[PDB]
$ cat target_1.pdb   # PDB, C-alpha atoms
ATOM      1  CA  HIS A 276     -16.171 -17.348 -16.179
ATOM      2  CA  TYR A 277     -18.520 -19.990 -17.641
ATOM      3  CA  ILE A 278     -22.300 -20.250 -17.660
ATOM      4  CA  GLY A 279     -22.098 -23.886 -16.577
ATOM      5  CA  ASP A 280     -19.991 -22.822 -13.600
ATOM      6  CA  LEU A 281     -22.472 -20.068 -12.705
ATOM      7  CA  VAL A 282     -25.599 -22.251 -12.897
ATOM      8  CA  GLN A 283     -24.110 -25.062 -10.771
ATOM      9  CA  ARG A 284     -22.875 -23.004  -7.808
ATOM     10  CA  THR A 285     -25.472 -22.478  -5.084
ATOM     11  CA  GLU A 286     -26.490 -18.877  -4.434
ATOM     12  CA  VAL A 287     -26.485 -19.461  -0.657
ATOM     13  CA  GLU A 288     -22.669 -19.393  -0.807
ATOM     14  CA  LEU A 289     -22.569 -17.099  -3.877
ATOM     15  CA  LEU A 290     -24.423 -14.039  -2.524
ATOM     16  CA  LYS A 291     -22.456 -13.709   0.739
ATOM     17  CA  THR A 292     -19.361 -11.974  -0.660
ATOM     18  CA  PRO A 293     -19.245  -8.205   0.012
ATOM     19  CA  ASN A 294     -17.141  -7.359  -3.051
ATOM     20  CA  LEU A 295     -19.965  -7.867  -5.566
ATOM     21  CA  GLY A 296     -21.546  -4.558  -6.492
ATOM     22  CA  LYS A 297     -24.590  -6.491  -7.692
ATOM     23  CA  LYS A 298     -25.037 -10.092  -8.740
ATOM     24  CA  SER A 299     -27.263  -9.017 -11.675
ATOM     25  CA  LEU A 300     -30.074 -11.355 -10.634
ATOM     26  CA  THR A 301     -32.203 -10.026 -13.508
ATOM     27  CA  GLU A 302     -29.749 -11.346 -16.100
ATOM     28  CA  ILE A 303     -29.157 -14.476 -13.994
ATOM     29  CA  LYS A 304     -32.865 -15.331 -14.082
ATOM     30  CA  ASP A 305     -32.975 -14.359 -17.761
ATOM     31  CA  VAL A 306     -30.243 -16.875 -18.608
ATOM     32  CA  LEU A 307     -31.431 -19.701 -16.348
ATOM     33  CA  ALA A 308     -35.238 -19.542 -16.254
ATOM     34  CA  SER A 309     -35.840 -18.551 -19.893
ATOM     35  CA  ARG A 310     -33.569 -21.394 -21.081
ATOM     36  CA  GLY A 311     -35.117 -24.141 -18.938
ATOM     37  CA  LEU A 312     -32.552 -24.201 -16.124
ATOM     38  CA  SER A 313     -33.692 -24.413 -12.505
ATOM     39  CA  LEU A 314     -31.666 -23.996  -9.298
ATOM     40  CA  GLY A 315     -28.718 -26.367  -9.520
ATOM     41  CA  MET A 316     -29.092 -28.782 -12.429
ATOM     42  CA  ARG A 317     -26.141 -31.000 -13.332
ATOM     43  CA  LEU A 318     -25.496 -30.675 -17.060
ATOM     44  CA  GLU A 319     -23.849 -33.224 -19.339
ATOM     45  CA  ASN A 320     -20.661 -31.305 -20.212
ATOM     46  CA  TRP A 321     -20.402 -27.603 -19.385
ATOM     47  CA  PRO A 322     -16.653 -26.910 -19.888
ATOM     48  CA  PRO A 323     -15.191 -26.693 -23.402
TER      49      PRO A 323
ATOM     50  CA  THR B   2      -6.726 -18.622  10.558
ATOM     51  CA  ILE B   3      -7.218 -14.848  10.799
ATOM     52  CA  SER B   4     -10.408 -13.404   9.271
ATOM     53  CA  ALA B   5     -10.857 -16.621   7.254
ATOM     54  CA  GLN B   6      -7.520 -16.860   5.419
ATOM     55  CA  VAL B   7      -6.724 -13.330   4.294
ATOM     56  CA  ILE B   8      -2.939 -13.789   4.568
ATOM     57  CA  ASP B   9      -2.988 -16.578   1.968
ATOM     58  CA  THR B  10      -4.823 -14.204  -0.410
ATOM     59  CA  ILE B  11      -3.054 -10.868   0.144
ATOM     60  CA  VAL B  12       0.277 -12.283  -1.048
ATOM     61  CA  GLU B  13      -1.371 -13.810  -4.122
ATOM     62  CA  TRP B  14      -3.111 -10.522  -4.946
ATOM     63  CA  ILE B  15       0.153  -8.593  -4.562
ATOM     64  CA  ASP B  16       1.894 -11.107  -6.818
ATOM     65  CA  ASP B  17      -0.762 -11.422  -9.557
ATOM     66  CA  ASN B  18      -1.819  -7.732  -9.644
ATOM     67  CA  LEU B  19      -0.540  -5.068 -12.082
ATOM     68  CA  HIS B  20       1.128  -1.713 -11.346
ATOM     69  CA  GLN B  21      -2.210  -0.442 -10.036
ATOM     70  CA  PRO B  22      -1.708   1.230  -6.627
ATOM     71  CA  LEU B  23      -3.097  -0.402  -3.491
ATOM     72  CA  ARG B  24      -5.383   1.681  -1.272
ATOM     73  CA  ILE B  25      -8.293   1.043   1.104
ATOM     74  CA  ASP B  26     -11.017   1.214  -1.548
ATOM     75  CA  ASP B  27      -8.943  -0.603  -4.182
ATOM     76  CA  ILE B  28      -8.098  -3.614  -1.999
ATOM     77  CA  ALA B  29     -11.202  -3.363   0.192
ATOM     78  CA  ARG B  30     -13.479  -4.968  -2.427
ATOM     79  CA  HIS B  31     -12.475  -8.232  -4.152
ATOM     80  CA  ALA B  32     -10.160  -8.866  -1.212
ATOM     81  CA  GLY B  33     -13.008 -10.504   0.715
ATOM     82  CA  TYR B  34     -12.006  -8.478   3.773
ATOM     83  CA  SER B  35     -12.804  -4.815   4.507
ATOM     84  CA  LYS B  36     -10.815  -2.105   6.303
ATOM     85  CA  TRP B  37     -10.744  -4.003   9.612
ATOM     86  CA  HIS B  38      -9.956  -7.274   7.826
ATOM     87  CA  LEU B  39      -6.657  -5.605   6.849
ATOM     88  CA  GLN B  40      -5.964  -3.284   9.799
ATOM     89  CA  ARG B  41      -5.520  -6.156  12.266
ATOM     90  CA  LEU B  42      -3.193  -7.918   9.821
ATOM     91  CA  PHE B  43      -1.098  -4.808   9.156
ATOM     92  CA  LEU B  44      -0.874  -4.235  12.916
ATOM     93  CA  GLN B  45       0.028  -7.794  13.968
ATOM     94  CA  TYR B  46       1.795  -9.646  11.150
ATOM     95  CA  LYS B  47       3.550  -6.615   9.622
ATOM     96  CA  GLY B  48       3.465  -3.693  12.057
ATOM     97  CA  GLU B  49       4.010  -1.110   9.321
ATOM     98  CA  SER B  50       1.850   1.356   7.377
ATOM     99  CA  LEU B  51       0.788   0.540   3.810
ATOM    100  CA  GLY B  52       2.515   3.487   2.117
ATOM    101  CA  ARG B  53       5.924   2.352   3.364
ATOM    102  CA  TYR B  54       5.485  -1.399   2.823
ATOM    103  CA  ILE B  55       4.220  -0.949  -0.744
ATOM    104  CA  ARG B  56       7.119   1.397  -1.518
ATOM    105  CA  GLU B  57       9.614  -1.089  -0.064
ATOM    106  CA  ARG B  58       8.086  -3.903  -2.127
ATOM    107  CA  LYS B  59       8.282  -1.781  -5.283
ATOM    108  CA  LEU B  60      11.923  -0.923  -4.553
ATOM    109  CA  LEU B  61      12.807  -4.581  -3.956
ATOM    110  CA  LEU B  62      11.080  -5.487  -7.229
ATOM    111  CA  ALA B  63      12.840  -2.729  -9.186
ATOM    112  CA  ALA B  64      16.244  -3.634  -7.714
ATOM    113  CA  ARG B  65      16.397  -6.468 -10.268
ATOM    114  CA  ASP B  66      15.000  -4.500 -13.217
ATOM    115  CA  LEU B  67      17.685  -1.862 -12.631
ATOM    116  CA  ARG B  68      20.303  -4.617 -12.935
ATOM    117  CA  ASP B  69      18.590  -6.090 -16.030
ATOM    118  CA  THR B  70      20.358  -3.368 -18.121
ATOM    119  CA  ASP B  71      17.274  -1.472 -19.273
ATOM    120  CA  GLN B  72      17.665   1.871 -21.049
ATOM    121  CA  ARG B  73      14.084   3.117 -20.481
ATOM    122  CA  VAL B  74      14.586   4.349 -16.929
ATOM    123  CA  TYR B  75      11.379   6.408 -17.035
ATOM    124  CA  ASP B  76       9.261   3.273 -17.573
ATOM    125  CA  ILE B  77      10.873   1.225 -14.780
ATOM    126  CA  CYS B  78       8.995   3.047 -12.015
ATOM    127  CA  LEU B  79       5.811   3.092 -14.112
ATOM    128  CA  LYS B  80       5.730  -0.665 -14.780
ATOM    129  CA  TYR B  81       5.925  -1.333 -11.018
ATOM    130  CA  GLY B  82       3.436   1.150  -9.555
ATOM    131  CA  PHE B  83       5.016   4.604  -9.331
ATOM    132  CA  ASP B  84       2.769   6.750 -11.526
ATOM    133  CA  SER B  85       5.322   9.596 -11.552
ATOM    134  CA  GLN B  86       9.101   9.784 -11.789
ATOM    135  CA  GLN B  87       9.434  12.382  -9.021
ATOM    136  CA  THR B  88       7.641  10.205  -6.460
ATOM    137  CA  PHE B  89       9.906   7.227  -7.172
ATOM    138  CA  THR B  90      12.941   9.528  -7.073
ATOM    139  CA  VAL B  92      11.210   7.416  -2.316
ATOM    140  CA  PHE B  93      14.578   6.088  -3.493
ATOM    141  CA  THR B  94      16.401   9.127  -2.090
ATOM    142  CA  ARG B  95      14.701   8.736   1.296
ATOM    143  CA  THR B  96      15.278   4.958   1.385
ATOM    144  CA  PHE B  97      18.760   4.312  -0.050
ATOM    145  CA  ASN B  98      20.199   7.878  -0.391
ATOM    146  CA  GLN B  99      21.707   6.085  -3.333
ATOM    147  CA  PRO B 100      21.788   7.534  -6.772
ATOM    148  CA  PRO B 101      19.199   6.362  -9.303
ATOM    149  CA  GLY B 102      21.895   6.276 -11.988
ATOM    150  CA  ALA B 103      24.831   4.979  -9.919
ATOM    151  CA  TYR B 104      22.708   2.103  -8.615
ATOM    152  CA  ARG B 105      21.501   1.598 -12.169
ATOM    153  CA  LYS B 106      25.179   1.508 -13.073
ATOM    154  CA  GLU B 107      25.822  -1.212 -10.476
TER     155      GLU B 107
END
$ encode --input "target_1.pdb" --output "structure tokens"
Amino acid sequence: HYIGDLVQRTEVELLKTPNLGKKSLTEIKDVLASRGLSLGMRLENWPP
Amino acid sequence: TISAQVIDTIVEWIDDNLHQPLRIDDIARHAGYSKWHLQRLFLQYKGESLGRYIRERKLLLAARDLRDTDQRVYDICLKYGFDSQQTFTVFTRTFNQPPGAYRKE
């Protein structure tokens, strides 16, 4: 339910569930790539 | 380990979930196991069809709410899954025991 939890988890284990209608990769790339976040960066403190 | 730990999740889903009914499409999704991920379980571990097991679970859950001295009898079956009063009135085929008399007990 957090952006820091979504950016840290690898998609190799994230895209294998059959219950997701669609992962919304457009919005995923919009929130990671346009904000300077690559695949799997460890942030300072993600949880509030 | 059957179908990568579906038994440890079905009970949690039944516990956590609301009065929403449980069907193939409903539980097929976020379950992490499709039709055949549940058919083998229902055949081996339970050996009973879903419509009867869900009704028995709802009756066992409402057996305490009927003793909790609640006056809104029409909402008891609704808060536990039965979308209609006539369908729950299942109780006649299971207990052949009065809704009211049991409610009185």
$ resolve_selection --input "target_1.pdb" --expression "the ChimeraX specification (/B :<7) & /A" --output "PyMOL selection string"
chain A and resi 292-294
$ axis_aligned_box --input "target_1.pdb" --around "stretch 294-308 of chain A" --padding-each-side "4 Å" --output "JSON"
{"center_x": -26.2, "center_y": -12.1, "center_z": -10.8, "size_x": 26.1, "size_y": 23.1, "size_z": 23.6}
$ resolve_selection --input "target_1.pdb" --expression "the PyMOL selection byres ((chain A and resi 278-283) around 10)" --output "JSON, numbers by chain"
{"A": [276, 277, 284, 285, 286, 289, 303, 306, 307, 312, 313, 314, 315, 316, 317, 318, 319, 320, 321, 322]}
$ resolve_selection --input "target_1.pdb" --expression "the PyMOL selection byres ((chain B and resi 74) around 12)" --output "MDAnalysis selection string"
chainID B and resid 63 66:73 75:81 85:86 89:90 101:102 104:106
$ residues_around --input "target_1.pdb" --residues "stretch 54-61 of chain B" --least-positions-apart "5" --cutoff "8 Å" --atoms "all atoms listed in the file" --output "PyMOL selection string"
chain B and resi 23+49+81-82+92-93
$ atom_distance --input "target_1.pdb" --atom1 "atom CA of residue B:20" --atom2 "atom CA of residue B:50"
19.0 Å
$ atom_distance --input "target_1.pdb" --atom1 "atom CA of residue B:88" --atom2 "atom CA of residue B:107"
21.8 Å
